[PDB]
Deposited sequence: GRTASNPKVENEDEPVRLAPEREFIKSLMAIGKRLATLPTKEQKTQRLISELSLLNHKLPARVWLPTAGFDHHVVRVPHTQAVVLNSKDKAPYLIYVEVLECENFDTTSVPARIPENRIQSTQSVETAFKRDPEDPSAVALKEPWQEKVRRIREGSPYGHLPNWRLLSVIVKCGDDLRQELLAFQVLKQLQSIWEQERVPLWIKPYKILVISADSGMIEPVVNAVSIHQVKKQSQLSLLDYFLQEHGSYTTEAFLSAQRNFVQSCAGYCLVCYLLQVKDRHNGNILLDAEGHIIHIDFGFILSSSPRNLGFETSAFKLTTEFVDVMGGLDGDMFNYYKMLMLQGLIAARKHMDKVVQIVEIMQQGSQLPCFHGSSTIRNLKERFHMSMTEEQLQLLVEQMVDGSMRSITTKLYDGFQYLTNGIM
């Protein structure tokens, strides 16, 4: 029997249809209750010869634990997060559909679902997640995803140990799609709110003291991820960066999410910023302060990462142009979007000039640091300090 597409279509469309019925309800509480009923229905039809395209490995969907889903706000087109149980197979075109079996860290959720699930005992059992957004255009997020993948490939090609975490995007319709969330990480906001610690203090408690391998490793990951996302934010002009859309994983990396405002997305800021990526006192303290080795490493990585990116600029630029041809999104605004993008690769600069540029940009990213208001007055008065 050949792989049929109608089952998959109807599966994807059922997840979308569920959102339309959620949209009829005013409050999260009510949407949540509705969602539980909806997912129960879904399981009548499972297991089936259907898949989550975001898995990136062959598998069949066996179960959607109806109690574990989450509505994410009270908006008219409110997204919802589902957990989806699958059984991995090697060969999908030749594997038959699994037989049915009768009836807050990620790690905890994986544990509780596995124990409640009739399939949880299977060695090929895997839990995936998706956020279904049945009334949002994700083509900009998809563009970002594509650019991030390309930069990752570039940095690997050029042996630059920058670290980012692209997260998978599916564009369904013009104003609908799905996202695989980054699961093994919590927002900085929440890390701070719960622990009531500074990031430095959190690392010292969570990983270890200054002389521990664990601290040094976490610090390295933080620096490598900060540098990666600094270049991402600059090249793509990602806006709206706050502690709610920066996550921290258990290894010490940061992960930026929600690339809503990118490139020429309105509104433009009026504060002469090079980037919306800002390097706070808290961040710098993690890196051992302004004259730390790890801060110097951060600036070296930014230089090498930018050297690498411009060496392969066309690969990045093509992705953007293809998207711009294919559709007219908010992030585009005629020829200038591409022009401005190309200029941010600084093709005309020598490496000495790039290094001076990186010092300037890094200094720029720290403008909001309180010390900077204190010790900047030589630029605003005839005093030399």
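**Student:** Could you give the ranges of the deposited sequence that carry no C-alpha coordinates?
**Tutor:** In the chain as deposited, 1-13, 117-142 carry no coordinates.
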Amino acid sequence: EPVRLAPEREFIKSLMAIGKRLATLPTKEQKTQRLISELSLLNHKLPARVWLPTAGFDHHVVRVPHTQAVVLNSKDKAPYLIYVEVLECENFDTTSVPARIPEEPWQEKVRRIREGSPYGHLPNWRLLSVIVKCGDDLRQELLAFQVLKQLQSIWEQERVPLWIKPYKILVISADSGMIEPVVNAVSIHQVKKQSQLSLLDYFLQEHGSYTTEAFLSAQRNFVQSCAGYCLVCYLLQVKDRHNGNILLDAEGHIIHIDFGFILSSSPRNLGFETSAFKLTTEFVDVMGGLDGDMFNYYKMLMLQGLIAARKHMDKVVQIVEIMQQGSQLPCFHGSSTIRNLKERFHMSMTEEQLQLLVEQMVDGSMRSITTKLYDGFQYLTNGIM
From here on, numbers count along this sequence of modelled residues.
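**Student:** Can you tell me whether 272-280 has a higher mean C-alpha B factor than 297-305 in this record, or the other way round?
**Tutor:** The deposited B-factors put 272-280 ahead on the C-alpha mean.
**Student:** In the PDB record, does 151-159 or 84-92 carry the higher mean Cα temperature factor?
**Tutor:** Per the deposited B-factors, the answer is 84-92.
**Student:** Choose from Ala69, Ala55, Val62, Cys331 the residue with the greatest Cα B-factor as stated in the PDB record.
**Tutor:** Reading the PDB entry, the winner on C-alpha B-factor is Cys331.
**Student:** Which one of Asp249, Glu180, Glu103, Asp314 shows the biggest C-alpha B-factor in the PDB entry?
**Tutor:** In this record, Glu103 carries the highest C-alpha B-factor of the candidates.
**Student:** Could you say whether, by C-alpha temperature factor, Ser173 belongs to the lowest, middle or highest third of its chain?
**Tutor:** Middle third by C-alpha B-factor.
**Student:** Ordered by C-alpha B-factor within the chain, which third holds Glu351? Give me lowest, middle or highest, please.
**Tutor:** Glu351: CA B-factor falls in the middle third of its chain.
**Student:** Test of reading the entry: by CA B factor among the chain's modelled residues, which third contains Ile384?
**Tutor:** Ranked within chain, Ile384 CA B lands in the highest tercile.
**Student:** Looking at the entry's B-factor column for C-alpha atoms only, identify whether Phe261 ranks in the lowest, middle or highest third of its chain.
**Tutor:** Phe261: CA B-factor falls in the highest third of its chain.
**Student:** What third of the chain does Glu29 rank in for C-alpha temperature factor, lowest, middle or highest?
**Tutor:** Within its chain, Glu29 is a highest-third residue by C-alpha B-factor, going by the deposited values.
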